[PDB]
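Enquirer:
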Amino acid sequence: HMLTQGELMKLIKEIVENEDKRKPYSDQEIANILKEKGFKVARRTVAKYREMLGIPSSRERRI
DNA sequence: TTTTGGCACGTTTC
DNA sequence: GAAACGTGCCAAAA
């Protein structure tokens with residue numbers, strides 16, 4: 014576990030839901046920006062998480 | 001264009 | 001026996 018209990022979990026949806034609701038991010042994009050802060054998390058984990066938290070792809074919620 | 005998923009390794013605990 | 005952590009590679013579909 015490179016990160017904490019959810020240093021990236023409570024971030025993907027926490028930051029995405031706080032940015033552009035009409036413009037959701039993508040596991041890849043979210044992972045990209047997250048790597049710029051200090052989560053250096055792979056899209057593989059970020060993709061699995063967004064699904065674990067309660068989000069299909071942040072794309073459905075927007076539409 | 002865009003987004004997502006499977007499997008398993010290593011680790012560890014029950 | 002199971003689950004989970006993060007990351008390797010591939011693919012799928014629209």
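Going by the entry's author numbering, the residue at position 26 of the first sequence is 39; the numbering climbs one at a time, nothing skipped. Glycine included, each C-beta is placed from N, C-alpha and C at the ideal position.
1. Would the beta-carbon of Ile28 fall within 8 Å of that of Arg63?
2. So, for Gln41: in the same chain, excluding its five sequence neighbours on each side, which residues have a beta-carbon less than 6 Å away from its beta-carbon?
3. Would you identify the three-state DSSP class for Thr17, choosing helix, strand or coil?
4. Assuming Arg72 and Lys34 form a contact by the criterion Cβ under 8 Å, report the distance between their Cβ atoms to the nearest whole angstrom.
5. Reducing DSSP to helix, strand and coil, say where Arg57 ends up.
Expert: The relevant details are as follows:
1. no
2. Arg56
3. coil
4. Contact doesn't hold; Cβ gap of about 12 Å is too wide.
5. helix
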